[PDB]
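To start, the structure under review is shown below, and the notes come after it.
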Amino acid sequence: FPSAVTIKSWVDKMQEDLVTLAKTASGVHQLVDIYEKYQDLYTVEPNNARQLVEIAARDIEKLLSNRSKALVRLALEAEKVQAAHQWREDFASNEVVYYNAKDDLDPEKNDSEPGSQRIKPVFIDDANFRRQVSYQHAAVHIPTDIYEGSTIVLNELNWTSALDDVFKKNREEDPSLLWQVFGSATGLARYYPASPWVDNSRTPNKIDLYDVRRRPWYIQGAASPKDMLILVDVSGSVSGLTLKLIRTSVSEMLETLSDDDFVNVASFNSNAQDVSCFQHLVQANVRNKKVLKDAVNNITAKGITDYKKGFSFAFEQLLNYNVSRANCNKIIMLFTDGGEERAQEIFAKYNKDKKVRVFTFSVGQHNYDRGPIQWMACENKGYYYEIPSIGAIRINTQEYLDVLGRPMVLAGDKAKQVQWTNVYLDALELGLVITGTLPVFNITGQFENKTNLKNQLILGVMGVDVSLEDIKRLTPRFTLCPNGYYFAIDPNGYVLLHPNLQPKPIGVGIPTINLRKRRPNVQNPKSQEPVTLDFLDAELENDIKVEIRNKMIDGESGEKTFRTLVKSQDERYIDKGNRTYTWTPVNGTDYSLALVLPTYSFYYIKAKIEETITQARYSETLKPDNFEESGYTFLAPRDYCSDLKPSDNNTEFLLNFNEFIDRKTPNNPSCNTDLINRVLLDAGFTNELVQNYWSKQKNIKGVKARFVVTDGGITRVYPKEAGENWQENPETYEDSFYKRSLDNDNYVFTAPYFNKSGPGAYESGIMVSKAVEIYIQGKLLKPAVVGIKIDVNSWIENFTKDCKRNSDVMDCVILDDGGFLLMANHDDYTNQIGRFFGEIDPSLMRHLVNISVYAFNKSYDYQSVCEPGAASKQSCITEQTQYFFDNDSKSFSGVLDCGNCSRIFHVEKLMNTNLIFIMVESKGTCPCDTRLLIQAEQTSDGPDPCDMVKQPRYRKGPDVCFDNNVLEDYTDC
Amino acid sequence: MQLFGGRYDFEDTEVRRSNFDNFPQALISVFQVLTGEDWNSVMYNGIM
């Protein structure tokens, strides 16, 4: 075995060659000097990370206020207009004319049902709605199993027709406004602008189940939070039909809860216990509700009934106060069938003062007495529901939000405050949105105090959407490096704005589909959950980020600079970087806005070329006709002007950008001049580099390509023939290697992928990249990244020239921090280049982790596609591992043993790169393999919620809530 | 009422009106089985 000194001299020559090649061929000092040469075509402006946060906070507050002022207008007109409705019961003569959505646009049908008349709309095609809308009238949605032609429905379509003027006036005062909806308490939803519903119920074979009364914006604006305790009866007499109806009913009731409410499902049969692992009230988010649904499905019926024990258990669950609660509405939902006990002593002892409501549900079709259950419901300010079949479940499990809203109505004008919901996926295919809600009250015979009977329920809920692509325009991210970004947060932890929040449902557990039970044409539902991704699940979680999160959940403004791990764009690496979080509260609302800036990004370049001559010279340099002189050029699909559109085929886009910069005078009145000025100055600098320096040495020995990625969105691959093997994103703020090479202070090596479709390991090469760092007036600035593709074959030639090609006594490998094979010694390894080392030689990898040359960090990705297991793609949680260099030590000399074996090894880390070199006794000598150390997304289900509820994350709930008014009626039950 | 009383606890939604749940119903079921009309359906409910 060779010695440490000969090994060290080997690696010294290796690093010398690699680094000198990359440096002289990529041309870093050249680009540094031609940036610092001009220094007068641009200026260096600062990023006052407090001023930026405050400006964006005001812009967001202004937007949400503009949306609020459009809601009170709608609610005022709606109250005033229904206050003067006549309630006629004849319509066969005086028709209601209206555009029913989800009616077939085939003009040869002529339905025009009794009592009502249709509208054939014009339907221009629009942007801001990726569909065809008509600004002339409002569309109406009526649930499939609700006749449109009732007297109740035809009376809502008669007085809601007065909303269209307010809809139009709201839209003309602010043309950037998305859907406006009035969702009524009879099932209707009247929205503007008119647009056909995604699903006709039966015209295609996909029927739709959309009820406005269950949309979370409605349930959010229709009542305060809760402290619900479901109390299932699993005595013996419920077995059979009513038991399975009880299971389906409890699930459909849990689906009417939010992340502001707390819940628990208990269960009694001569003894009350918890249905699951929880044992108190838990927060009713998607994971906890998955636990409680899976626990309710495992329920069996046996024993004697005893209501006193069940109600003692319930009322003692609602008195914990050692745990976190909503503290507002304490209610008990008793899912039973019937019986002969009423338990008056329990209620007289536990809620003599009637702070808890009781809603009792009598499920199934049986003969047991129902007197006591109605009494329980009526004696305890609650309500009584009957569920005889599966069709009754949906409407009877959402109807308690009428009882819960009588105190809100009675509170009068203190109850009308605009609220904003979690982030959910729009129903009309618009992306992630938040909705603002405001309840509408029924004021009929109000001025004289005449009725006050139907005047304890709300009429409906008004709503107005705000997409997230609309919030992300008030936080423009193109003056910070690829590494800084804005992000906002609830007073709940959840994230309203983050680089890592995709438009897909949050997954829980592993999905398991049963093919053998799925009829081919039965239209299973899709999804209704919101996209509630916590903050500490969108980033890597330190101990400091927890304190920042807590510190800005309760609206403090502050700043903190620390050192953290940053997971790379593609989840394969992990860096260490200095960051600065500066946060502030959004004053009008409960949101909080933060800005993450890496030091070295406290200064940016602002272009200063206004001259027709310079700008024309530069704009010449990006035109396909002469790529030969400048090498393949890519342009970032930013929003330079509101006239050209990002096209996702970058040749089309570069052509358009050219014909626009000319075809529209450099006045550019509708164009962002800082963006395109930066792009032009940038292409100028890049092309100076390509012309003067690169094009001299046309062919370097081992080089395969040479690229420059920069800010301003310019990319240049030098030999045009190489530009066909360049697969990176053309928008430079999404290039993984760019963000990685800005973090490090050396040459970052990116390993290719493995067994990937496409020429990716041998025809392309291995990518080296170093970031340009210039000093203008003592100020650091990293404006570009230069790079190289090293050819594998020339590398092997330099690598092999005491371990030799396919030698069977020892292995000589090179890895990068991450453990991905780069340069082997075996022609059988070298065939799998870019593959995780612990997947090809796991014993040595596990030992390297043990002696701590490699550390690692594990995380969960909550938004991933899954191949459904056995018990086309579902949403599940995946676990992600990532390895990195922890011990900054340079050499590790040791011996790894598996038992009766022995393999002596030496590893040495190359200096000024991120590469490691391992020389180890061979593997075929010792027939000892343990198990593959896989680094890949593995579909998982953890963490275990039963333990997070014992130590939950800090959280701050609403402080305004309306329960227990005194003028309440409760003669309805 | 002894043998099949309260044992029709089937977890489907099919309605089996001829059961033995209380005395008037058991009397009706036995009468129907005497007249012979559909006694086999009652037998299948009993065997399941």
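If you're wondering about the labels, chains in the structure tokens are A, B, ... by order shown, residues count from 1 in each chain, ligands from 1 in order shown.
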Practice item. Can you check which residues of chain B have any atom within 10 Å of chain A? Use only C-alpha atoms and format it as JSON, numbers by chain. Key: {"B": [6, 7, 8, 9, 10, 11, 12, 13, 14, 15, 21, 22]}
Check your understanding: Can you list, as number ranges by chain, every protein, DNA or RNA residue that comes within 12 Å of residue 4 of chain B when you count only C-alpha atoms, leaving out same-chain residues fewer than 6 positions away?
Key -> B: 18-22, 25-26, 29, 42-48
Practice item. Skip residue 78 of chain A itself and residues of its chain fewer than 4 positions away, then list as a list in words all residues within 7 Å of it, counting only C-alpha atoms. Key: residues 74, 82 and 163 of chain A
Selection to disk with N, CA, C and O atoms, as an mmCIF file, in the first residue's frame:
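Saved the output as again22.cif:
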```cif
data_model
loop_
_atom_site.group_PDB
_atom_site.id
_atom_site.type_symbol
_atom_site.label_atom_id
_atom_site.label_comp_id
_atom_site.auth_asym_id
_atom_site.auth_seq_id
_atom_site.Cartn_x
_atom_site.Cartn_y
_atom_site.Cartn_z
ATOM 1 N N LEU A 74 -69.793 45.073 -2.047
ATOM 2 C CA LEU A 74 -70.671 43.967 -2.394
ATOM 3 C C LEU A 74 -71.599 43.619 -1.252
ATOM 4 O O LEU A 74 -72.791 43.397 -1.459
ATOM 5 N N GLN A 82 -81.431 42.551 -0.721
ATOM 6 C CA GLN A 82 -82.321 41.546 -0.177
ATOM 7 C C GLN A 82 -83.281 42.123 0.839
ATOM 8 O O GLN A 82 -84.350 41.553 1.048
ATOM 9 N N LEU A 163 -76.592 42.178 -8.120
ATOM 10 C CA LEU A 163 -75.180 42.203 -7.803
ATOM 11 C C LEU A 163 -74.325 42.557 -9.001
ATOM 12 O O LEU A 163 -73.223 43.072 -8.818
#
```
Review point. How many Å separate atom CA of residue 628 of chain A from atom CA of residue 719 of chain A?
Key: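 A separation of 7.6 Å between them.
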Review point. Where in chain B does DSSP assign alpha helix (DSSP H), given as a PyMOL selection string?
Key: chain B and resi 23-34+39-47
Practice item. Check segment 703-732 of chain A with DSSP on the backbone and list each residue it calls strand (DSSP E), as a list in words. Key: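 Those in segment 703-732 of chain A that DSSP calls strand (DSSP E) are residues 703, 704, 705, 707, 708, 709, 710, 714, 715, 716 and 717 of chain A.
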Exercise for review: Find the spatial neighbours of residue 522 of chain A, counting only C-alpha atoms, within a cut-off of 12 Å - ignore same-chain residues fewer than 5 positions away - and output them as a PyMOL selection string.
Suggested key: chain A and resi 205-208+517
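Counting only C-alpha atoms, the residue from A:231, A:636, A:544, A:593 that sits nearest to residue 648 of chain A is A:636.
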Check your understanding: What gap, in Å, lies between atom CA of residue 704 of chain A and atom CA of residue 22 of chain A?
Key ->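 These atoms are spaced 11.4 Å apart.
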Practice item. Kindly give the distance, in Å, that separates atom CA of residue 66 of chain A and atom CA of residue 584 of chain A, rounded to a single decimal. Key: 20.8 Å
Review point. Contacts of residue 51 of chain A at 12 Å or less, counting only C-alpha atoms, minus same-chain residues fewer than 3 places along, as a ChimeraX atom specification?
Key: /A:46-48,54-58,582-584,594-595
Review point. Leaving out residue 305 of chain A and any residue of its chain fewer than 2 positions from it, which residues lie within 7 Å of it when counting only C-alpha atoms, given as an MDAnalysis selection string?
Key: chainID A and resid 235 269:270 303 307
Review point. Between A:406, A:438, A:568, A:89, which has the minimum distance to residue 452 of chain A (counting only C-alpha atoms)?
Key: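 Answer, going by the shortest atom-to-atom distance: A:406.
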Check your understanding: Quick one: residues within 8 Å of residue 572 of chain A, only C-alpha atoms counted, chain neighbours fewer than 6 positions away excluded, as a list in words?
Key ->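 The residues satisfying every condition are residues 818, 881, 882 and 883 of chain A.
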Can you spit out the residues from that selection as a PDB file, in the first residue's frame, using N, CA and C atoms?
```pdb
ATOM      1  N   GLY A 818     -20.946  15.012  -1.595  1.00  0.00           N
ATOM      2  CA  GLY A 818     -22.245  14.520  -1.963  1.00  0.00           C
ATOM      3  C   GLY A 818     -22.106  13.057  -2.273  1.00  0.00           C
ATOM      4  N   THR A 881     -32.278  12.530   1.518  1.00  0.00           N
ATOM      5  CA  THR A 881     -31.014  12.552   2.226  1.00  0.00           C
ATOM      6  C   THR A 881     -30.033  13.397   1.443  1.00  0.00           C
ATOM      7  N   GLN A 882     -29.106  14.029   2.146  1.00  0.00           N
ATOM      8  CA  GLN A 882     -28.088  14.817   1.475  1.00  0.00           C
ATOM      9  C   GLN A 882     -26.808  14.799   2.277  1.00  0.00           C
ATOM     10  N   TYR A 883     -25.700  14.494   1.625  1.00  0.00           N
ATOM     11  CA  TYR A 883     -24.413  14.361   2.285  1.00  0.00           C
ATOM     12  C   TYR A 883     -23.539  15.567   1.995  1.00  0.00           C
TER      13      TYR A 883
END
```
Review point. Taking into account only C-alpha atoms, which residue in the set A:656, A:28, A:534, A:413 is nearest to residue 624 of chain A?
Key: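 The answer is A:656, which sits nearest to residue 624 of chain A.
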